[PDB]
Every structure is written in structure tokens, then in C-alpha cells.
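>>> just the structure for this:
(5 chains)
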Amino acid sequence: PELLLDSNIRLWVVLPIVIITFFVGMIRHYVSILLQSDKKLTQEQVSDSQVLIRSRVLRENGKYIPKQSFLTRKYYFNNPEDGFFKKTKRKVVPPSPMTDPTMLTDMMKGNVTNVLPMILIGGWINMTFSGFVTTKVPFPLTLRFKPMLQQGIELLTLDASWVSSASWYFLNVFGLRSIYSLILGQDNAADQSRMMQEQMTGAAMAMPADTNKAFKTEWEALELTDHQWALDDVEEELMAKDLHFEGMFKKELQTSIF
Amino acid sequence: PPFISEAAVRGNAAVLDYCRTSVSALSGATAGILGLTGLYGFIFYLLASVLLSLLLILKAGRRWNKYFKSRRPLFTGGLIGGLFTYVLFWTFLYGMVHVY
Amino acid sequence: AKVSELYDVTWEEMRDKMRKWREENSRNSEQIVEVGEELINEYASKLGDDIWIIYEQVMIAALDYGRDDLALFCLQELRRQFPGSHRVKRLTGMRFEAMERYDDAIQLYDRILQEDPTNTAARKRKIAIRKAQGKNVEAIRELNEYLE
Amino acid sequence: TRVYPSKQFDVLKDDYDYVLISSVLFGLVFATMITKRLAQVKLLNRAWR
Amino acid sequence: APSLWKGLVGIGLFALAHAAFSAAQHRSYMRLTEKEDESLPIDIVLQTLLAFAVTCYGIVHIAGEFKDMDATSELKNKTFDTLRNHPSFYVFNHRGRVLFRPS
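Residues are numbered from 1 along each chain as shown, chains lettered A, B, ... in the order given. Take a look:
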């Protein structure tokens, strides 16, 4: 411990920067909520979505269903003579994704270029305070980080532990990343780093990019799935005991009628 | 076990993460108040996390099978991000008191 | 018991009980209006967002129970803030159906459909108007139409 | 006199306008309180309409 | 019960802050005196740990929800009578309406 600092630089740099980043994050979250706009949904697309949900629910929950009705559903969906998915065809948009290009694009897109706006804020903050020493980090650091860490102090003998305001605010950004969700909730959009990146639950889950292709894919998926009546096994309950109905029947006396 | 509700699971996970982040935040303040070296500080953070996990298991005790399907998230969960938010409050009060 | 009940409660518990009633969508219009108008005259201070749903619920119960005066009293309060709101239009149409002149309610539903194409509630209310007006066969056909 | 080896790295910079900093600090809170009610009324209007 | 936990957490936080202030005063005194590389008193350190352990006990009790995993248990009390009526279809044609009409 050395480099005795003033008590006026801690009350005019640390607290201001902390409040600045806190309120910047909160303002960003509130503005993100405000700017959110609804997307128009057409009735045909809605019906397509509901049919997709129906077929997916049939795929998921198909064990607890009569075999005759299950085959009737599957025929109605398939129906080689007419076919609902076969005849009903909407407009088709020419595509562009390709196998190798999209396989690579999965990584090329990513979220690589989402740090620059925070770098702009850090640059402005460092521009305001040219020669300053905010705090020291207990973690030992290597001298090859000193140019990025100090960036404005002409000292070669000094250690890299003493950080500037730029890295101070940079670490302040991710320090409250998990703290923002504490006051807001699980779905938090106050991340200062990802400013332009849209983070939301997502309006209109269903995205039928190619209605016909999705129709055919579900048509073959419903042909692949088998039928196994999970109701046919009723003998397990046959030889058992009934004591839970004695269970809250004891605790159903205690409540009277209002 | 045949049918599982996502709302209850989400609530359980949210509560778990909330306590994990709060305990980590206070662990950072304690270490910053005392002032130690990096190795000892990281060991102390790990010890605090282990104590929190043990208390979390003690909270459930019996009938825990209905509450949590497994125990891996209880032991290993939010160890890196929690450390990221703990390092901030460790050095926040460290240099505020000693350096200043 | 009325004074005894009104004594050993607080507004928080009463509001929570009304919320639980909404969750269980029970048919207790008498008690809903009994606890509805009581908290509108005792507290009437805060919880606007809750009290709008409470206004709608109380008027819905009053349409069932015996009282159109409170129904219109809540209708004016609902219309004061949101001038254009389709839910209030649906509610007014339901009350109009309850009173007389079903045709103007049908016309209001037609206009609502003209404005917003995707309005399930108005179609359901029309299906219910023809459930009780005509035979159940036509209502079945229209319910099948909307369901399809 | 006092000699400065390398400018200054221990004392607060002389040209540090507090009016701008205080104005920004108060404006952030003012804008947050302004946008809070806007978000609330937007949510209410979207829910009702 | 929750109010007691909240008060205990607040008291522990206040004690932790007081311990921080005491440590700050000790270091301010240390900077006055040359050399004397000694540590802070163990009593206030133990008070700090006591305040840290107490505040971590109520922080877990304040948010305890632990809902049941199985989806059948919440609908174990709900009756089909309430489910039979729906809020979409409500016909306003009943004998109670004409019975309550005069009054």
C-alpha cells in the first residue's frame, strides 16, 4: 500500500461513475421496453400456427389416446386422395441460405461485434479525466496490460495494479450484470454491453418462413411416429394401496365453510 | 415425474440464482472489508459458496425429491458469473477504505 | 355477520380474495358485488391497475345480480380514461343484450369486427346471442365456423 | 517552490467543471423517472387495447 | 415472521457497516504512525464475520418459494363445477335476475 490519494477524488469519480452506469443501464432497459412495437399478424398465418401446434401436440401427447381416433387424426393429416397439407398451398418466397454457407454463418453471425458502444462510453469517460488514478486491483497483473489499463499516465516503474477510470467502469459494467436481474426479474434487458442486440422473449413465436416446406416436414414427421397406447397398462394401479385419499381427508376436516 | 411444470422449475431456478447472487455480493463486501491476497480471497469465495450450498440443502431436507429432481445445480451453479459480481464488490470497498 | 365480516378484514386480504376469485372464475356475483362496492367506498385511493379489473368484474357481477346502476357507474369510470377500448365496447354490448334491443349490440359487434379483424370475444358473444335467440343448431354451426 | 517530476497523478485535475457533472447526474434520474411512467402507461394501453 | 427476518438482515447490515467504519478508522490511525505493520483487532473481525453470517441466513429465508414439481397437485382441490362455467360464454337469462329486479 502506497501512493496516498486525496479524499476528494474518491467522492467525485467513484460514486459519479457508479451512478452513471447504473442509471444508463436502467434507462437503456426502459427505452428498450418503450421502443418495442407489435408485429401485424394475418389470419391465414395464425391458422397455420394453430394447425402446427395441434400436430405438435398430437406428436407429443399421443400415448393417452384411442388407437382408432389416433389413426383417424393421422389419416386426416395425411389423406393421400385429397390431403389438407397437400392441396393447401400459399405463396413461396425464393430462398438464399445454402448448406456450407449457413453452416459457417452459424458462427460468423454470433455476437462478436456488440462491445463497441461500451468502448465509446469508456473512451468518453477516459477523455474527461486525462491523468487520474481511481483504484488498485488486488489481483496481480502483467506489465503487458499496463498500456490498456493506465492509458494516460506516464509511469514505467509503477505496477499495473493501479487502474484508471476506463477499466474501472468497464469492470463496473459486468459487476451489476447479475444485480440488474435481482430487482427486475429473470427477463432483464438492462445489459450495458449488448446495446444494439435485441434481447426479448420474442413477439409471435411461430415463424413459418416457408409454409409449404413446414407442412411437408410435419406431414412426414407424423407418418414416422408410431402408436403405443400407454393406457393399456392398468394393472399397476390394480395391486396397490389407497392411503393418500386418507391423506388430506384428515386435513380437509380442518377447513370450515366461510 | 411423468408430467413436469415449467413454471415451478423456473421459479425454483430463479430463487436459487437470487440467493446465490446475494450471498456472493455479501461475500465480496466481507473480503473487501478485511483485505486479503488473491489466493486467500478466491479460497474464501469458494468456502462461502460451499456454505451457501450446504445451507440451501439444509433448507429442503426431507421431501427434496419433489422440489429438486437432482442436486448438481445446487452444488455447481452460477460459479463464474457470481464470481464476476463478487470481484466487483471485493475491490469496491477494498481501495475505498485502505487506499483512500 | 355483515358488520362482523366487514370488521375483521383488511383491504389487502379483500383484494387478494377477489384476485383468487378471479383465478377460480367462480359464480359468486352476490359476494363479488358485496366486496366490490365496499372497497370502492372505503379505500378508493391507489391500485388503479387492479381496480380497473375490479370495476369490470363488479359490473359483470351486477349484470348477473340485480343492479344496472352500479354497472353504468363503473362503465362511465371505464370510459373516462380509455376513450377507445374494445373491451369496454364488448361489455356495453353485453349489458345492452341483457336489457333489450339485441340488434344494436349485433351492430356494435359488427363494427368492432370491421375495426379489428382478430376479435375472438366479439364473435363468442355473437355466438352466445344466437345460442339464446334462435335454435342451438345454428349456434353450433357458427361455433364450428369460428373454431375452424 | 515545488517541482513536478511528471505533471501530476495524485491530485484532482484543476479544470473539472462540476456544473456539467451535476447536471448530467440529475438529468439521468429525471429521465429515468420520466420514462418509468411512459412505460407504465404504454403497458396499460397495450393491455387494454 | 418475514418482518422479523427483514429487521434482522437490516441490523446485521448496519453492524457490518459499523465494523467497516471501525476498520477504516484503524487504518487511518495506522497511516499516521511509521512502520508498525500490525493487523486489525480480531474482535472487530469476529464481529464482521458474525454480521456476515447473520445477514446470509435471512437472505435465504426472505425468498423461499419452492413450488411443487408435479402439475397434478394444484388441481387436486379444484372442482369441475367451477370449470363448467366459462368467462367467454355467459347467458344473462336467469330467474335470479327477475327475482332481484324489484329490489
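>>> pull out the buried positions in whichever strand or helix holds residue A:30.
With elements taken from DSSP states H and E, the one containing residue A:30 is helix A:14-35. Neighbour counts over helix A:14-35 (16 or more other CB atoms under 10 Å in any protein chain shown) mark A:14, A:16-18, A:20-30, A:32-33 as buried. Bear in mind the C-beta positions are built from the backbone N, C-alpha and C, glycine included.
>>> so which of the residues you listed also contact chain B?
residue A:14 (CB under 8 Å from any CB of the partner chain).
>>> tally of neighbours for the residue in chain D that chain E sits nearest to?
Nearest residue of chain D to chain E (CB to the nearest CB) works out as residue D:10 at 14.9 Å. By other CB atoms under 10 Å in any protein chain shown, the residues close to residue D:10 number 12.
>>> quick one: residues contacting it.
A:3-6, A:133 (CB atoms under 8 Å, 6 or more residues apart in numbering or on different chains).
>>> show me what the lengthiest helix in chain B is packed against.
Longest helix of chain B, by residue count under DSSP state H: helix B:6-34. Judged by 3 or more CB pairs under 8 Å, 6 or more residues apart in numbering or on different chains; DSSP states H and E, the packing partners of helix B:6-34 are helix A:177-184, helix B:38-60, helix B:72-75, helix B:81-97, helix E:2-32, helix E:42-61.
>>> can you name the next helix or strand after the last one?
It stands for helix E:42-61. helix E:80-84.
>>> does any part of that following helix sit near chain C?
Yes. Using CB under 8 Å from any CB, we find that helix E:80-84 touches chain C at residue E:82.
>>> ok, back up a step: including secondary structure and distance to residue D:48, could the contacts of residue D:10 go into TSV?
Formatted as TSV, the contacts of residue D:10 follow (DSSP: H, G, I helix; E, B strand; the rest coil; distance: CB to CB, whole Å):
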residue	secondary structure	distance to residue D:48
A:3	coil	60
A:4	coil	61
A:5	coil	56
A:6	coil	55
A:133	coil	54
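>>> can you select the buried ones from those in PyMOL?
Only the buried entries of the contacts of residue D:10 go into this PyMOL selection, using 16+ other CB under 10 Å:
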select buried, chain A and resi 5+133
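>>> export the contacts of residue D:10 to TSV and tack on distance to chain E?
Shown next, in TSV, are the contacts of residue D:10 (distance: CB to the nearest CB, whole Å):
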residue	distance to chain E
A:3	12
A:4	7
A:5	11
A:6	13
A:133	17
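>>> got the buried residues for the longest helix of chain B?
B:8, B:12, B:15-34.
>>> please, which helix or strand holds the spatially most distant residue from the centre of chain B?
The centre of chain B is farthest from one residue, residue B:2, which by CA atoms, centre = their mean lies 30.7 Å away. Residue B:2 is part of no helix or strand when elements are defined by DSSP H and E.
>>> on that earlier part again, for the helices and strands packed on helix B:6-34, which one sits closest to residue D:26?
helix A:177-184 (21.6 Å; CB to CB).
>>> contacts made by the next helix or strand after the closest one with the rest, please.
Next helix or strand after helix A:177-184 toward the C-terminus (DSSP H and E): helix A:211-224. Residues outside helix A:211-224 that contact it (CB under 8 Å, 6+ apart): A:48, A:52, A:55-56, A:58-59, A:74, A:77-78, A:85-86, A:88-90, A:92, A:208.
>>> repeat that with 10 Å
A:44-45, A:48, A:51-52, A:55-56, A:58-59, A:62, A:73-74, A:77-79, A:83-86, A:88-93, A:95, A:206-208, A:210 (CB atoms under 10 Å, 6 or more residues apart in numbering or on different chains).
>>> residue D:11 versus residue D:1, what's the distance?
According to CB to CB, to the nearest Å, residue D:1 and residue D:11 sit 16 Å apart.
>>> same question for residue A:134.
On the measure of CB to CB, residue A:134 and residue D:11 end up 14 Å apart.
>>> what is the neighbour count of residue 52?
Picked chain A for this. 16.
>>> wrong one, I was asking about chain E
Quick note: residue E:52 (other CB under 10 Å) scores 23 neighbours.
>>> how about the nearest residue to it, chain neighbours excluded?
residue B:30 (4.7 Å; CB to CB, 6 or more residues apart in numbering or on different chains).
>>> hmm, the one you found is touching residue E:51, no?
Yes. Residue B:30 is in contact with residue E:51 according to CB atoms under 10 Å; the separation is 8.6 Å.
>>> who touches both of the two?
Joint contacts of residue B:30 and residue E:51 (CB under 10 Å, 6+ apart) are E:16, E:19-20.
>>> same for chain B: which of the residues you listed are within range?
E:16, E:19-20 (CB under 10 Å from any CB of the partner chain).
>>> look at the closest residue to residue A:193 other than its chain neighbours and tell me its secondary structure.
Nearest residue to residue A:193, sequence neighbours excluded (CB to CB, 6+ apart): residue A:118, at 5.4 Å. In three-state terms, and counting by DSSP: H, G, I helix; E, B strand; the rest coil, residue A:118 is helix.
>>> noted, bye for now.
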